[PDB]
Every structure is written in structure tokens, then in C-alpha cells.
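Naming follows writing order (A, B, C, D, E, F, G, H and I), and every chain is counted from residue 1.
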Amino acid sequence: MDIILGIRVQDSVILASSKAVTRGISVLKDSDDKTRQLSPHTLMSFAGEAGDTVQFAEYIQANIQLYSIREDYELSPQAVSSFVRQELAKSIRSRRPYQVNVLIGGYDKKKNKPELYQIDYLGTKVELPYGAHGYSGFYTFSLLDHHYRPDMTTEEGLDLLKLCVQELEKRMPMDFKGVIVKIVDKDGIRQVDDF
Amino acid sequence: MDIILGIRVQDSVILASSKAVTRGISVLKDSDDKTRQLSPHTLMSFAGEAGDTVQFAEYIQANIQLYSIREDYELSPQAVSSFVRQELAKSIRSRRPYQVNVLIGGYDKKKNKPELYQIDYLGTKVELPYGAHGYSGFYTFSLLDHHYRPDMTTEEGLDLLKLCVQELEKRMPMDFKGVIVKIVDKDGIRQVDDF
Amino acid sequence: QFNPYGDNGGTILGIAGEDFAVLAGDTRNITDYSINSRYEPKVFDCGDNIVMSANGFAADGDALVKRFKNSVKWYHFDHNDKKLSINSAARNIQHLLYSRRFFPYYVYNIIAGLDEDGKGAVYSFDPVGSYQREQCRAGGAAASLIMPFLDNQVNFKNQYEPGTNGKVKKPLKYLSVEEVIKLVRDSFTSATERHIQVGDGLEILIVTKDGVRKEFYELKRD
Amino acid sequence: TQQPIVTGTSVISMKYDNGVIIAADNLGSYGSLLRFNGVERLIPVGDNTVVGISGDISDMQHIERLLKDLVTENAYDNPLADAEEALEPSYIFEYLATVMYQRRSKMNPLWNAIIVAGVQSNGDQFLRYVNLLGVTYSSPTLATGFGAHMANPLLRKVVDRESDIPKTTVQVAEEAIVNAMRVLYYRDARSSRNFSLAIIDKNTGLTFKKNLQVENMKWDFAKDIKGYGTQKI
Amino acid sequence: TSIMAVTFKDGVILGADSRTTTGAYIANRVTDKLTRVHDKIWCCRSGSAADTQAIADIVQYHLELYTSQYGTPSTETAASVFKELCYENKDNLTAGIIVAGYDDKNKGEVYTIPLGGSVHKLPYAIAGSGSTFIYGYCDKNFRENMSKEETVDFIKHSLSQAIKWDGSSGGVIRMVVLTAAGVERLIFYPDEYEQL
Amino acid sequence: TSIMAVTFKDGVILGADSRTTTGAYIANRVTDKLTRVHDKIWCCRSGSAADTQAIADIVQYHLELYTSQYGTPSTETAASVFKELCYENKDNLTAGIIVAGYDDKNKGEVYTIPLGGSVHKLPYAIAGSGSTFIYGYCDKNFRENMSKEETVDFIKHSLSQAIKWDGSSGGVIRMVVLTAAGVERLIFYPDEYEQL
Amino acid sequence: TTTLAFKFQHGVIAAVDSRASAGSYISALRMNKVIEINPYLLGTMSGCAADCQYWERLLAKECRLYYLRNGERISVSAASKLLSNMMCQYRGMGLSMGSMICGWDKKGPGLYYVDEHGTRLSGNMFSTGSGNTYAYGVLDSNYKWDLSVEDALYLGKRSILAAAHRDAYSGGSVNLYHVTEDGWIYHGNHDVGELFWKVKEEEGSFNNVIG
Amino acid sequence: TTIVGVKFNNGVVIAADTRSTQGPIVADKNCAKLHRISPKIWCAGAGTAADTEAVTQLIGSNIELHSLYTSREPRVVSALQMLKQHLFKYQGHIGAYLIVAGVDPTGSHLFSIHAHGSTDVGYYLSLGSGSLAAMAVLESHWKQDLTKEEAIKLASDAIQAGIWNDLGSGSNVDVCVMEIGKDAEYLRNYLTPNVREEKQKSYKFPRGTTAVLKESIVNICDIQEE
Amino acid sequence: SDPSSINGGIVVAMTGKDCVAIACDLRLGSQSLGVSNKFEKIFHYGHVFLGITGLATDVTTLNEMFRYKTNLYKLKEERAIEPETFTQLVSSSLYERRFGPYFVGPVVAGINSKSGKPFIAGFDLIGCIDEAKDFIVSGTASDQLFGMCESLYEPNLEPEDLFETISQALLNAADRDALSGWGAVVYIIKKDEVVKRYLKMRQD
């Protein structure tokens, strides 16, 4: 799929992901949710080759849910991100690699800190205040470099995110049909229904 | 460039053409007018490879304007369309062909009839009640086949055209930044400034 | 580089009547511009009142027929000498073909017989296993020459009743075996004229409740 | 997948009233080089079958051994190995055809074209072809390689259809085969003058003729041919 | 193809086979590969038949015009015209030509012109696909100032072996003798040379 | 490479040149191409040196094990082991081997095994890139039941011409004589064979 | 091909054409591109005919086994997922199969799009095949949730007609299906040749075409 | 295509089949492959059909003008030389493979010519996809000092071999005989061994079977007076 | 990509008793997309009719060219061109572009005004003439037309019978070709009257 954005503010992580799905020359769906809840305080968005994205995300989801039941304990966002990276680093040297890029947004309940991890299909992990995959960063990083502060509120984070989407909508040739926005904080995961 | 549409109603011809211009991954302009007035009652829209489109259109424009001055007489839309076709049919077997597709909308003052001609880069001419180039027809022709009548008014023609653009905006992956609409009738050529 | 496939030419034709069915095919076998045999049978009696022809690459066609004949034998062993119905045979053949989805049997297969209500039946396949029951089907080299003729003369397509002028179609009256054999002979005589891979001989297998009957007719040898 | 190295050219054959004839030259070519001049490409199996092979010689020698082993294996625990349960041409052919088609299906073919000629138990004539693709066919006349293009037309003038077989004698059939071999020597650049011929008759059995030569050749008219158009001297 | 030209006491002899192939099919089994460009200047052709025929026709034209103006041309002069064509058009040609001729002053001379368009004057020359198989035989058996009958036997034996091993060579052996006496054509059939 | 094996009255002789090339560079000018697989069964190698060495080493292993169990193997048996390797691994090999040996029963025998893995029993055999140039010479000069000295001269003269025309061949001429008397190694240097 | 399917107030409509092609040659005029997996489950076909038939009939085997083990009909969601998992095993092996799984279960009417990449999408409306763009044009401008069964059947029928007309590799006839909570209902085979002229006259559409 | 040329006592004969194809499809069942360069010089061609015609008509035109200029009857070597120099210039891109034969004041002649510009001489020749089938017959039965009647038989037998055994050849046999001191006789459809058998049924339709929308008269005449 | 099959279309011509017929479909497309159902492929220059299949730009271009040439022929010769002569003009004009050809499959049809003899002919894109007595076919459904014409045709048909035979050959051939159809036209030609009929066919 096309565009996935992420931003870590003071007390939460915000993920924005496009709604479009295209086969051939036709847009089959304009309300697709490119994300899976890995645990109550960990969300993963994804983008890459057709089919591989969902299969990979659901496979990761199943493994983390299995861990949660076995230990009766939620893994830290850092631990989950490391598990995901290893699976992708394992995948890249397989017969047929999984062509999937992800952002992992989580709230660490132990440290009381939001955390955003960017991982590409090769297994390249980086912790960031804000991140993106593909061409999305080419348009948005200049705005984020300018406006971003670490003490921003969730509402200020959403306003800066709106500005990023507006820039994408102006200068990108592709129509990605807007974005679904989700917030990850101490209370869990919720969706912003109006954006 | 991307999308150019045309429709011939009772007493006029309407041409709609996209506003987007893209180089690399960036949309450089969202207000581009993909058309040239060949004569007071003849308009030509165009779409194809970068640079070739404008060069070809302006070359045709110059030749028709030269004819008008020499004879003190406006050529019929049919005559202009035949001249254009021959230039493209001449071009396709050249060392480097001009990769340009056109629609020619004109009002014949002698016969008191609107006329729409569709010509592709090979020099393939067809007179039609409604026409398009590239992938535009794949989305729009089903609507036009259903709703089109030959006795339609100009206002009904614009409403049917709005429906076509809405369908394109829904099902096309590319963002073409809306369209500039122009009407060709007995009184000449005018632009619809609000669409 | 080694090419495992080839083209042995030939053409086949299956037509279903009301209480009978025919499966016809020319007897010519070829490679490129040479003739291998003027009489190499292509349509076979496979048992249980079923006839079959696999047209295209003869080696793959002979293997498929050989396998299906074997499938019929084992169906009797495993299911108390039960008769293999034409619809059950068709489905079985689909699975034989799809077993080689990634190294296909390069053949267009047709079978003919009678359904469980005694009516004539023709089933048609593609090289990878898609099948469907049909009334009329030509397969092979001259398939594109013959099929339109059958659409016109068997299903009365584009034919209307005089005087009405296109308002009323020609009614779909059934054909007799004698009328069908005429259409088959004329189909192959016409195909022999305009297609270089078609000729030499014509062998027709007719299926009725009474059994399987053969008819042979000569064709032009040029 | 491979490419043929040392090769053998045409093998030709036909049916006649009481049996079959088969012939093939004694050359083993190495591309354009006429490397080996004493190669036997007709291989008898018992006293009722002759297998003629063209194509790759290393694969021919392999097949030659399979057939030799087939005879050995058929004799095992078989008191009627030299009688009712002896090897038939149809058995030998179907075995080879099974092998050829299996090898092509593994994309590792035996780069050959084979003709199995013989006479069955009931006196019926057997003549069938098989090649590297596993393709099989039968006809009153059969030939491989160049023989398909040049020999078949000559042999089909003698036996054009099935009904001409009882009318064709062994003298006529042998004469036609020998003429065909001469024509191939004139026109096939990978052929030799020396060849072998085998007759399998239902009455007189297997006759295997070696060290035959193409004779009665026409070359004299060459003296009169001068230049390539305008030259007179 | 198997072609050769050999000098001897009284002049020079050209020799060749008669087989022309299109792959493995023998398009012509009685070809005449010994072609005349002047009364006593002949050439042996190898490579593309179209190219070698076109060249030899142009050379024949040049030497006919030379003769009209300047008198009988030398064998060296003929070889130079061949060379000039084969060298300047080397990108579009596939021609290997042996030139042989007789003067009263220079006697028998042999020039070979391989693919590139170089010229090499030699006592004897061999060329064609079948020449490879007789490099050793010809080197061991060639002598200078042989008699006519010795030279005929040398060419006959040599080409016999070339034909024996090369499938692209065969048919009859044609020969052309160039001396002061005149021009003699010879021919030798398979039944004669095969049993050598 | 230029290699050959020739049968004669008292047994068989193997012969070879000594040049190994990597393109136009001579990597080794004193190579020993005559290799022993058994006491009186030797082979001449052509093609990929890696492939032919690996094969001959495996064959030597098989015949050593054969001898331990069943006694002295025949030359035919040795050629069969070569064949079985060269034929079954024809897709990954580039080996042209001549096998030669002496029995008291069968006397001198020569088998050649070209690229495909076919086997051919012959009175004499030639192989290698330089063999092409001596097909005509060897055919004309070979006789059955020659003497030792005649056979040595035949091989010497033959390889001398092969070396003369083939750039991939050269150096010294090595020979191995296989008779009832035993095994004799020979060597002939350029100054001897070049002036033939 | 052109296939479509959409959810609405009274269930789900499914409509397909019946053409088959082998290059420019029309190999079949009347092919069935719908499979009746069970009385409450349908499957559309687009792409390789062999792949569509084999895998959807293998799905029906697996959906039937579900009923025997659990004593209950399989959901549309689960059926679509089994099929998408089959596609993921032969990932990149060259299969060509675009399908819609239509049905009615406990959650109400269900519609899932599944393709050879393993894609699985839930939605109210889908259209696959070489002529899907033409069908989408009619559907998008005329679709409502408040459609009557009669008007809904006509929409799917008219949408295929639009594609059959313009797309060269779509045509022959139209096969209609209506899925209810009592199961699916076949609404016949409609020849496009006859249907075109009928619709032209009654609707007034296709004015450019002469008849 | 199967095409042959055979020399005899007092002249030369050529023959050809009558099948033309577009791949595996037969376009014309009675094509005329025997072309005329001059009255007593006939050629016949295989390969690219348009090239064999165009090059035959071109050289035939120039031969006629040459004959008029020189006040002499055209020679076969002239047609040969003109053809090969033309074909050589286009380096095989003109796919014309011809057998050329004729009689002139020098005598009787028979040549073959290939697309790249090479020419051959012979007493018997064959060209086309059926050349091998025909040549097998020629090599079997040809002899020196043939008569006119023996040569026509050999020629047509050679063409028949191609008709029956080559799929690229078929239908009828055309012949042209060029004898010295005589007019050339062109024998179109000399043999007719492939006549289509009567069809089992007539497919003549009832009048009114086909549906019609509009009828109209087409004006093919010029503009009228008054 | 293949220029002979981008736009699609078919033409067929038949001889009868003192009459000829020529027919064509009306489709013009861009591969899978149908663009026009009014693209007629038959033209006439006096009493000589020419049908052209293949690349539409070349079809249009050639019509304009043969109109040009036949109009000059008439001014100089002071008479209309005949079918036999026109056939040679077409052949000549196509071969002059031997190494940059028009991607077309022309078909000539007409009756000689002097001899009264019916005439048809066909060509390849490069000029090779096919002068058949019975029928000529051209287009993307040429194989289909060959099969229909060969089985339905019989010699010496009357105009009103010939109409039915050619119409059915075209219609049923077009219905087995994706790139042909969308309407059809049939010309029935006699020595001094010509009728043109539009056929009713399926529009898919």
C-alpha cells in the first residue's frame, strides 16, 4: 500500500495510514484500515506488496497475543519491535521474502513513555520522534523538522499531522483517499473518527 | 498529460481537461490549461508526452491562424480535423514521432451544428457525440452510453460531465487536480470559471 | 535449449444430439511441414460408453488418455463395477489435468457419451483443467474455422424466420444422427481445404444406448 | 537439458507383404566432422525385432544396454523365453516409449529418434516411431531426420496406403530402400556411403546385412557444368 | 568447401571440391568453384557464395577494362583488385579467396586473401572449411618445382582427405591447369579418389 | 592440446605434447598429459584439466579396488569406468579422454571417449585441439601391426605437425610404451622434432 | 470477464458475464462464472478459468467439512479466509484468480473480495475482470442501500451490459443471483444480444448505437 | 511451395504447385507461380510472394527495354545478372528465391537464384518447402538426353511429390515448356488431382433469414445533366 | 502492440452470377476498448469498391490516397478506372513502401463495365495479389471467415441469395472474434445498380 505516517508526542504516539486499495487501474476500496493491534498498548501500521502486508501483520499479531496469554504480561514496545525486526531480518534472506514496511507505535507502561519504531522490509530498525515509509518522508519530514517539539500535546500532534497530510494531498500525484488516524497512550488505543 | 474529455450536445461542444502537471514525484502545477484556440469557433484539447503536446498544439494553431489571415475565412471543424490528422499520420512514421492525442471541438457556422473529433497520435480520426483519450474512457463511457441524448442542453451536458468527473475522482488512482471546462458554440469559445 | 513440447496438428469435433453423441477427428499426424502418418487414430473408446480425444501434443494426449482409461479400470475395482457416468468422468479428468498445473498437458480434450437420463452429452476441457458441458465443440488446429459454422448450423445463430425481419428467431429444432454426420463431414472437408495440417482421413465415433459405433471417411491427401 | 555431440543421421524403414525392412548408415558425426566410420545403428533384439536409432550416439549406447539387459531380465524364471513368452516388438517399443517420455518429463531427454521394426507372434508387421519428446506414430513407411523429407516420398510411391502392403514384395521393398539410401548420400551432408540393412520376415526370419555400399551413382554430368552463370570455359 | 592452388615447374594448378550446403542439406553437389577472372588468372572461392560471386564479377570487369587500356594484367595486379574490395568492405563481406595465374615472365603465382583482406603470396595455398584437416598432410608432402602429374596427384590426394573428414566438402574434384600451353580443365569422380 | 594413442605389433603407445594454456599465456610448458590409472593402463587427457584430473583420480581409485577384489582389470573395463563418469556427468564436465592399455590376452587396445560420453574402440586415436590438423596425415600414414620404431616415428611426425599448426599445442613430445616387456617412458625435444 | 457483487437492504446481488477468450478468439459464449458452494454461499470467477474452477471447488470441499465437524454452516468471513490462505501457499507460483465470496450468515449478508496475491477485503460493492471499470460507472451512480429486489437485480444486470458492450473480452450472456437469508436464488441467463436491444428501447440509452 | 526446373534434348521445362499460404492457412488454392520475364524466359519463385512478383516484373520491364534498344531477343544470362545484382544490393531483405529458365539465340538455360544474390547452374533444380521431396524424385529418375515428354513427366512427378508430402505445397500442377526454335507453351493446370468432393448438404439460405436495419441505393454514376 | 490487431475489423468479398458482394464490420477500437460503431471500411472509386482492414490510420490514409490517384486517372484517361487496373495500382502503391509498409489487408471488388465480368482480389500488406474466383477475406477474424466462406459458398448465386450467404459468413465469424462486430454493412453490386444494407447484430 501507499502512505503510513507516525509521530511521538509528550504522552502518546499517533499513527496515520492511507485508506486506498488499488488493483489494476481501479480503486477497489477507500476505507481500508492498514493496522493491527498487537497488544492493548501496542499498535502496528504496515505498507508494502499486495497480500504480504496483512499476512505478516496477522502473523506478528498472533505471536504477540500468544506471548501475552502464556506469561499473563504485556511485552514492552521495545521488545515487540525487536521481535518484529528479527522476523524481517530472517525474511529478507528467505526463498521469497515478505515485502513489508512497518511502524510500531506503543506506550511503555513501565517507563510511562510513548515510543515509535520504524522498521523496513530489510529489518532496519530505528527509534524516532516521527517517521514514515516510502516517498511519504520526502514531502513531510521538512514540516516535521520545522514544527516538532518533544513536549507537544496530542492535539498539537494532530494539527501538525493535518499539515503533513495537506502537503501530501497537494504535491503527491497519487490519490490515497485520506487517512485513518489512531492514538496510542496510557489508556490504550483509540481511533479519531473525524479527520 | 492525463485526462481530456469531450461531449457534443444540441447546440455546443464541451471540453473538459485536467489541471495537473507532474515531474518526477512532484506536482509542479495544479492550474494548467491543456488547450489552444485554433480559430474563433474551433478549440483543441491535448494530452500525451511531456513537451510534445504544447509544441504540436502551437504548431497547429500557427498553421490555422495563417490560413485564416490568407483567405480571410474560418476553416470548418471538419477541415481542421483532417489537417490535424494528416500531420499526425505524417508524424508517426518520422524519425521521432510526436506523442500527442487530441480532441477537436468546433461549431460549424455554415451547417449550424456542433462537431467533436477524436484523434490519437497515430492519426486515427473519429467523429463522436462524446469522446476521451487514454484510460479516461474506461471509467466514463458507461455513464455517457446510459445518460447521453443528442437533444441535450448545454446545462444538461455540464451536469452529465460533472458525473463523469466524480466517477473519475472516485475510481482513478491518480489525482488529476480537477478540470478546466470550456464551451464551444455559435457565439464562440468561453470558459466555465466555476466547476 | 530443450523444448519439451511439440505440435502434432489435427482437429477434433464433438456434437451432442437428443439421444446420441458424436466425436470426430482427422487421422493425420504432423511435425512442422512433414507428415508422420496418414492414419494415426486420435479418438478412443475408453469404456463405459465414453469416447475421448486429446488434441495438440500427441505425447501428452496419449498419456492423458492412457491415464483416464486406467482411472476407469480402478473405478470398477474400488466401487463394485459401477458404471462411470459422463459427468463423473469429466470431473475426474479435471483433476488429472490440474495435477500438472505447472507443467501442463499441452492438449485440448473432449469427451462424449450419454448422461444418466439417456441424453447426448459432450464435455470440453482446456489444457489446465477447466471444463464444461456443451452441445457443440470443435478443438485443435482448425477449431476457429469450424466453430462459427456450428454456431450457425447447429444452434442457428444469426438466423431468423423470413417475413418477420429479425423479430423472431429460427426455432431450435434438434438434429438427427444422419444430419449431424453431414455437418461433421462438411466441417472437415472445408477445414481440409483451408488448413494444411488437416486431411488424409476422418474417423467418427457415434455413441448411443446400443454402444459405440465407428465410421471412416477419406479426405484430401495434399 | 543437454546438446547432442556425436550424432547419427537418418534411419529409414517400410512394410512389405511378409514383413518389414529397416536401414541406417554407419557414420558417427562430430558436428561437421565425419569422425567415426564404423558405427552400427541398427540393433537386433532377439530374432524378431530390430531397433534403429538416430541422434546422440552416447544415448544410443545407453539404450543399446537397456535392451541387452531387457533380454536378460525376460529370461529370468521364464521357461518359455525362447517361445511363447519371448520379447515382442510391441513390448520392446512400449518400454522405450515409456523411457523416452519419462526422460523428457524430467527435462533430461535421450536425444534420439527411434524406429522399432519387427514381426509379432501372429505374423503381423510392426513398425512404430518414437523420439526425444515421447511422440509416437506408425505408418507403412517411417524415417527419421533427413529421411523424413527425402526417403518417405520415394517409399510412399511404393506403399502409399495400407492396401498396398500385400501387393509389395521383398525385392521391390529392398530395391526402394537401397535407392532411398543413395539419394540420401547425394543430398545429406552428414551421411556416409557405407550402411547396414535388416529384413525381418515372418517366414525367413531375421536377415542382417552389413558393410553395404551405395553403388550405381550418377556423376558424369558434372563435367559439362561450368561456372555459376556466364562462364563458358 | 575445400580449395587449393599449387605452383609447380610449368605453372600453377587450382583445385576444388563441388559441394554447396545450406546447413546439412546439399543444395548443389556439382558446383564449379573454380572461376575465371581473366584468360589465365583464376580464383578459388570460399565463404558467402553471394559475396564471392559479386566480387569475382567486379574483378572480371576491372581486369577486362585494364586489358582494354594497358594490356594483359599481372597475377599480382588481379590479387590487388580482390584485396582492395575485400579489405575496404570487410564489415559487410565474408569472403576467402585464393588467386592463381600464369605469366611468361613471372610464371605460376599464388596469392591467398583471407577474411580480413590481407594478401599473402605463397608457393601453395589451402582454404575452406576442409583445409583444416590437411594442413599436416600438405606441409609434409609439398615440394617446389614438381611436375604436372606430381602436382595433380598432390592436389587429388589432399582434397580426397579434406572431403573424407569435412561434411561441408564433397562431390567431384575439379582442377584447372595454367601453363604456357594453355588452359586445361580436369575432373575426378568419387570412385577414383575415395580409394586412395 | 595434441594427444594420440596407437596400437602396434607388440602393444600400444600413447603420445602427447606438453603445453597448457590460459588463453594465450602458457601456464605450463612441460605438462605431463600421459596419466596412469593402472600398471599398464594409461590415459591421455583433453579438455578441462580440473575435470580430467578429478576423473582419472576416481578411475585410479576404482581400478585399485577392482584389483584388490577381482585381479587385474581389462582395458575395456577401465574405459567403461571412464565412460560411466563422463556420460552420467556430461552436463557438468568437459573431458575428452583416450584410454590405452596392454593385456597378454587382448594385447594392445585403444578406446576413445569424446565429449558426450560415448565409447569407441579403435586401432589408433587422436584428440585435442591440434588433432584437427593431422586427420589427413594420420589416415594416410597409419598401418596395422607396425614395429615399435615405426610407431614411435608415426606419433613423432604426427604430433610434430599438430604442434606446428596449433598454438594451444607445443613444448616436448612425451610418449609411453605399453608392452609385455614393461613400461617405457620417452621424450623428444623441439630441436629433434621441429626439423622433421 | 466482468463480474460484480454488492450488498443491500434485502441481501446481496451477484452478476457475471459468460465470455471466455484465447487471444482475440472467443473460445466460449456461455461459461458459468458463478459457483454454488452451498445454498447460502456463492463464488464469482475472474482470471484463469482452470484456477477459478479448481480452487473454488476445493473451497466447497473444505466448507462442507466444516459443517460436518461443527454441525453449523461456515461464515462468509471464514470461507473467504480459507480461500485467501490457499492463495498464499502458491504465492508467486503464477496463479490468476479474482473472486467474490457472497453469502448470508449470522452477521447478516456478507461479501468479500479475494485475489491471487492473498488479498482479502470486506466491502459493500466489488467488481472484477477486464470490464470492471465500465460496471463501476453504472453501479456508483445508481447504487443505494434502499434498493428494491427488482431494481437491484436490474442494476447488476444493466452494469454487466455496460461492460459487455464496451469491453471486447466481456459478453455472451448475463447470469444473475440474489442471496437471501433463506439462501441464494438464480435469476436466469440473459443473452446480451437480445438484452441490449431491449434495454436500448425501454431505457432510451445507447443513443449513439443504431437499431 | 514446390518448384522445379528440368533440362532436356532441345530445351528446358519448369513446373510449380498452385498453393499459397498465410502460415497454416491456405489463402489461394490455385495460385499462378509461373511468371514471365520475356516471351521465352520464364521464372518461378518461392519465399516472399510479393518480392518474387515485383522483382520479376521489374527485371522483365528492363529486359523488354533492353531488347528494344539492342534489336535482339533477350538472353537468360541478362535476366540472371540483372536479378542477382538487384538482390545482392538489398542484402537478402528482398526474399526472392527463383528458378529461372528459358531459350535464346545462345541455346537453352537453367539457373537458380537465391535472395542474397548467389546463382547456380544445373540440369535439374528444385526450390521451396517441397524442394527435398521433389529433389528425391529428380535424383531417382533424372538422366542425360531426356526427351520433351520424359522431362514434363519428371517435372510434374517432382511437383506431385511436394504436393502429397509437403504441407506448404498442394492443389494443382502448372508447367511451362521452352523448346528451341519454338514458341513457349504455358500449360496452366496441367494436372488437377485435388478436386473438392461434392458437399453433403446445400447451405443456401431462405431469403429473409438475415436481419436488416437500413437499405439504400448507392450512387456510382457521375453527376447528371439537367 | 501488433499494428494489424490494435483497431480490429474484418472485410469479406464474394462473387455471384453477374454480381459481386463486399461486406465489413463497423468496429474501431483501442485493443479492448470499443471507440466507434460507425467506422466503415469500404470505399468506392467510381464503380470499383475497396475494403481495407488493419491499422485505422493507414486505412484512412490509403482511402485518401486512392481517391487522389483515381481522380487523376479519370481526368487524364477520360474514363473511370476498372477493377483489374485498380488492383494493379493498389499492388504498386503498397510495394513502394516495401520496407516501411502500411499495416493493412485490402480487398478489391467490382464489375468490369465493358466485359461485365465480376472481379474480386485481395492483398497482403506488401502488395502480393490474391485473385480468387470464389471469395476473399481479411481482418482479425480471417481464420473464422475462411471456415464460414469455404462451407457456405457455392458458385453462381443470385444477388438476393448471395446477400444472405455473405451476411451469415460475416456475422457468425464476427461473433467468434473479440475485435470485430459492433455493426455490419453489405454492398450488393450489379452492373448498373448498387444496394447497401446495414445488418442487425449483437452489440458486444
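FYI, a contact is a pair of C-beta atoms (placed from the backbone, for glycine too) under 8 Å apart; a residue touches a chain by one contact, two chains touch by 3 or more.
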item: Chain closest to the assembly centre - both centres taken as Cα means; value: C
item: Farthest chain relative to subunit H (centres taken as mean CA coordinates); value: A
item: Chain whose Cα centroid lies at the greatest distance from that of subunit G; value: E
item: Angle of rotation relating subunit E to subunit F [CA atoms, steps of 5 degrees]; value: 180
item: Between subunit H and subunit B, distance of the C-alpha-averaged centres to the nearest whole Å; value: 54
item: Subunit F and subunit I: spacing of chain centres that average the CA atoms, whole Å; value: 73
item: Geometric centre distance via CA averages, subunit I-subunit C, whole Å; value: 35
item: Distance between the centres, which are taken as Cα means, of subunit H and subunit F, whole angstrom; value: 58
item: Subunit G, residues touching no fewer than two other chains; value: 25, 29, 133, 136, 165-166, 206, 208, 210-211
item: Residues of subunit E whose C-beta touches two or more other chains; value: 25, 30-32, 49, 53, 164-165
item: Where subunit D touches two or more other chains at once, by residue number; value: 1-2, 33, 146, 149, 152, 186-187, 220-221, 225-228
item: Subunit B contact footprint on subunit G (complex, rising order); value: 133-138, 140-141, 162-163, 165-166, 203-208
item: For the subunit B and subunit G complex, residues of the former touching the latter; value: 128-130, 138-143, 145-150, 163, 167, 170-171
item: Subunit D residues touching subunit F - in the complex, by the definition given at the top; value: 1-2, 4-6, 28, 30, 33, 35-36, 39, 56-62
item: Touching residues (chain side subunit A, partner subunit G) in the complex; value: 21, 23-26, 28-29, 31-32, 49-52, 54-55, 96
item: Footprint of subunit H on subunit C - complex, ascending; value: 30, 33-35, 141, 153, 158-163, 165-166, 170, 182-183, 185-186, 189, 193-197, 220-222
